[PDB]
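just need the structure, nothing else, for what follows:
(2 chains, ligands or ions: 4)
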2 protein chains.
Amino acid sequence: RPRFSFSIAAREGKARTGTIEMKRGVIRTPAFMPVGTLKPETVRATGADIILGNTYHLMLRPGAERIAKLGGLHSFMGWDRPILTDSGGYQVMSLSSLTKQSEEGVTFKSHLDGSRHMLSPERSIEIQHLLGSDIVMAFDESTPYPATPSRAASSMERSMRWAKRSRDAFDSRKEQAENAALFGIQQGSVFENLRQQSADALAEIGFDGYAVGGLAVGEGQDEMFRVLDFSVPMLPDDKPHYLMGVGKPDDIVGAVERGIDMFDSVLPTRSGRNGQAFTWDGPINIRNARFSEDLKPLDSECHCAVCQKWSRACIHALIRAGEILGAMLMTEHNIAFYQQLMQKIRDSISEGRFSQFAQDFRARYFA
Amino acid sequence: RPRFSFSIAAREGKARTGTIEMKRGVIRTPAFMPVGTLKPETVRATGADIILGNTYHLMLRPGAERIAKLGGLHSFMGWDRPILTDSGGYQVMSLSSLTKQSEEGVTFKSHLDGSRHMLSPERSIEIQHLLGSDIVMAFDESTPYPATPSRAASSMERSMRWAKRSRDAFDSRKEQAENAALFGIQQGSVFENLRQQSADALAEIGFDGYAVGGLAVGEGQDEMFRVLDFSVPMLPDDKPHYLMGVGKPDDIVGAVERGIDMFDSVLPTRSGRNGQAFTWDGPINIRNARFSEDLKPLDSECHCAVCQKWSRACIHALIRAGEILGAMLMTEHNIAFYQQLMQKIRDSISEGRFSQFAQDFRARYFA
Ligand SMILES: CCNC(=O)CCC(=O)c1ccccc1
Ligand SMILES: CCNC(=O)CCC(=O)c1ccccc1
Ligand SMILES: [Zn+2]
Ligand SMILES: [Zn+2]
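Residues are numbered from 1 along each chain as shown, chains lettered A, B, ... in the order given. Ligands and ions are numbered 1, 2, ... in the order given. Now the structure:
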């Protein structure tokens, strides 16, 4: 298998389906990447081809150098397929404190114990190498929503300078350059001209894939879709398009309709722990008393192991009682549901009926 | 398969190994029963033949009548093998409040919400029927340690009256009498003459098995073993002997040396959640920093899935981080370890080398 090869097998409108080949395995697209930071065998059994690791959390605990000493993230976790790592920059903004930003990078205090850390394009790429990830994200500077044109431009411009530094750092490390892939991140908030400048800058540097950054941070679905409408066509058509941090099932479907190939979200796992199960008829909160004697599975069609074996009433009782097993079952079902969604998306594009699937999905999900 | 058949296949001193046949399966003895109130398939994979359910917890949440409406405990949990239920009486003493005791039974307030409940010989047997358990424990009155001769005698005498009421309640319910088994509980604290009176009373009533009650409540191992020395021989030799609430690995080995056939304890699960792993070289606390880079499994010989796949360093990191997956792995290993202990006990009795096993076990476990 090659270091990186993205092939598009079928298209419908702006939607694409195909594969990314990498040394550690094949990724079917459009892809959903569960956030890994359940046993790895269970994550694989649900259908995941690749998982996401959070550089920020991993650099705090157990630490990047420690994971490297212990053989890298794949060996440590027992997941032998591709891993994508984020750059750490977003969680520095959202979770750390005492942050000091500069053109060089950022220094920050851990949210766990106030120890001091730093990230930069060079250090982020280095940490992602120590972890051994297969898809490395360039380190950028996040832009809050809403942002003024001036601040969005300044952050996009710095992010593009940092994208070049990320590229050069990755290329300088032979083991990483030869075995991993590097994605760049488009910025520019909701502003078309800035999105175009960013896309142009990233394509001139050249990356293995292109993320749409800066969305899913408060703008609402209508605005997110409007920005995707003009932003995704700016990116190279022949490389994967990754919408970071999205999202809800309906967000995923609409983003695929607009040309997105890859997704990650904490929602399946966070929802699982807080009683929310995804179903083809919309989310349900299993803690609700209406489920206390409901013998049906979480979802009537889901083929996951939880829905084959246990009732809503059982899971309701476990969750009511605070039992860890309840969170395990909810999480396995939700991740499995997300993978079944992606499989239906891939199949419907391959068969030229994705537009109809999206319409049918929405009618039932929002009934 | 019969309702109940206990066969002894081999003996060494006071130790016995054999089988209990019941409608839902065969129980290998000496047996350890994990407390079920991990997925049932995982509990089975570790080697458990039977699990324990706590009547007190189940009658509070989700409730006995609800479990019956939903098809009984086996169907609700997805465990199709034997289940033993305790009577609820011990947890009323240790966990409930506003308790009002009388010759009829006890009324108490839930520790969860102050709702009012009652148990009695008749109601305890009824609840155990609603749950569908296979081995039903008679309802008795617990005796704290230390207890005066007078109080130990009074509680033993009431417990024997309650044992007759439990027997009659069980026998009156045809479905229960024909398909389940009933165990009586010997009381009498540390007093030989009271233990003998209790044994005589229980044998005169007649039960399918006999528990040694009132131990593992503060007396210390030396005293527990001294009481077992004279108490177990008082019980019918041809029926199973069950030491309730025991215990640590070394307690189990010594109790088998004194004629005990069955055991339950929360320790494997409670220890799993609080960082303690059982090994043939004694317990370890995986949270200790000495394990942060330790690539060995929890135990060098254990054949459980956790020890085949993950390192001490991995589990250390999960537990340090409060991750539910860490508690899952520790619990699976600990229950598996307990089952491997029982298997080594059974094999060594069958081969006439249990005395040597007990000596070898203790030398290494306490090294
Ligand atoms: C059962 C999958 N094995 C593990 O999780 C081992 C430990 C590990 O991979 C990890 C990753 C991030 C933070 C803390 C620990
Ligand atoms: C995965 C095994 N299935 C379950 O646990 C279903 C729910 C159940 O059996 C239970 C028992 C006691 C208290 C609360 C729930
Ligand atoms: Zn499911
Ligand atoms: Zn093990």
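
when you work out contacts or count neighbours from here on, use the C-alpha atoms and nothing else.
Fine.

what about residue A:144, distance to residue A:123?
According to C-alpha to C-alpha, to the nearest Å, residue A:144 stands 23 Å off from residue A:123.

same check on residue A:102?
In terms of C-alpha to C-alpha, residue A:102 sits 14 Å off from residue A:123.

of the two, which one has the most company?
residue A:123 (16 against 10; other C-alpha atoms under 10 Å in any protein chain shown).

what helix or strand does the more buried one sit in?
helix A:121-131 (DSSP states H and E).

ok, then the element right after that helix?
Past helix A:121-131, the next helix or strand by DSSP H and E is strand A:135-137.

name the helices or strands packed onto that following strand?
strand A:83-85, helix A:121-131, strand A:181-186 (3 or more C-alpha pairs under 8 Å, 6 or more residues apart in numbering or on different chains; DSSP states H and E).

what's the offset of the shortest one from the middle of its chain?
Put plainly, it is strand A:83-85. 9 Å (C-alpha atoms, centre = their mean, to the nearest Å).

and what of the longest one?
Relative to its chain's centre, helix A:121-131 lies at 18 Å (C-alpha atoms, centre = their mean).

give me the neighbour count for the closest residue to ligand 3 within the stretch 1-150 of chain A.
As assessed by C-alpha to the ion, ligand 3 sits closest to residue A:46 within the stretch 1-150 of chain A, at 9.5 Å. Neighbours of residue A:46 under the rule other C-alpha under 10 Å: 20.

which phi and psi does it have?
The phi and psi values for residue A:46, taken as degrees, to the nearest 10, are phi -70, psi -20.

contacting residues for it?
Taking C-alpha atoms under 8 Å, 6 or more residues apart in numbering or on different chains, we find residue A:46 in contact with A:304, A:332, A:335-336, A:339.

PyMOL command to pick out the buried ones of those?
In PyMOL, a selection of the buried entries from the contacts of residue A:46 looks like this (16 or more other C-alpha atoms under 10 Å in any protein chain shown):
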select buried, chain A and resi 304+332+335+336+339
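
between the contacts of residue A:46, which sits nearest ligand 2?
Of all these, residue A:332 has the smallest distance to ligand 2: 11.7 Å, by C-alpha to the nearest ligand atom.

gap between the residue in the stretch 201-350 of chain A that ligand 1 sits nearest to and residue B:271?
Residue nearest to ligand 1 within the stretch 201-350 of chain A: residue A:328 (12.8 Å; C-alpha to the nearest ligand atom). Distance of residue A:328 to residue B:271, computed by C-alpha to C-alpha: 19 Å.

which residues of the stretch 201-350 of chain A lie near chain B?
Within the stretch 201-350 of chain A, the positions near chain B by C-alpha under 8 Å from any C-alpha of the partner chain are A:293, A:295, A:309-311, A:314, A:317, A:321, A:324-325.

could you do the stretch 51-200 of chain A as well?
Counting by C-alpha under 8 Å from any C-alpha, the stretch 51-200 of chain A comes close to chain B at A:61-62, A:66, A:70, A:76-78.

residue A:328 and residue B:271: who's more crowded?
residue A:328 (22 against 18).

where does chain A get nearest to ligand 1, which residue?
residue A:77 (3.4 Å).

was I right about that residue contacting residue A:40?
Yes: shown here, residue A:77 and residue A:40 form a contact pair, counting by C-alpha atoms under 8 Å, at 7.4 Å.

which of those two has more residues huddled nearby?
Neighbour comparison, residue A:77 and residue A:40: the larger count goes to residue A:77, with 19 against 14 (by other C-alpha under 10 Å).

tell me the centre residue of chain A?
When C-alpha atoms, centre = their mean is applied to chain A, the residue found nearest the centroid is residue A:264 (2.0 Å).

how about the lengthiest helix in chain A, which residues are buried there?
Ranked by residue count under DSSP state H, the longest helix found in chain A is helix A:324-350. Neighbour counts over helix A:324-350 (16+ other C-alpha under 10 Å) mark A:324-343, A:345-350 as buried.

now that helix and helix B:324-350, what's the angle there?
120 degrees (axes from the mean of the first three to the mean of the last three C-alpha atoms, to 10 degrees).

wait, does helix A:324-350 contact ligand 3?
Yes: using C-alpha under 5 Å from the ion, we find that helix A:324-350 touches ligand 3 at residue A:333.

got it, and stretch A:298-312?
Yes: counting by C-alpha under 5 Å from the ion, ligand 3 has neighbours in stretch A:298-312: A:302, A:304, A:307.

for the closest residue to residue A:231 other than its chain neighbours, which three-state class applies?
Nearest-residue entry for residue A:231: residue A:195, 6.2 Å, with adjacent residues in sequence omitted and distances by C-alpha to C-alpha, 6 or more residues apart in numbering or on different chains. Taking DSSP: H, G, I helix; E, B strand; the rest coil as the rule, one finds residue A:195 in the helix state.

what sits against residue A:195?
A:186-189, A:231, A:234.

equivalent analysis for residue A:153, please.
For residue A:153, the contacting residues are A:188, A:194, by C-alpha under 8 Å, 6+ apart.

with residue A:7 instead?
Going by C-alpha under 8 Å, 6+ apart, residue A:7 touches A:18-20, A:238.

again, only using 7 Å
Residues in contact with residue A:7 (C-alpha atoms under 7 Å, 6 or more residues apart in numbering or on different chains) are A:18-20.
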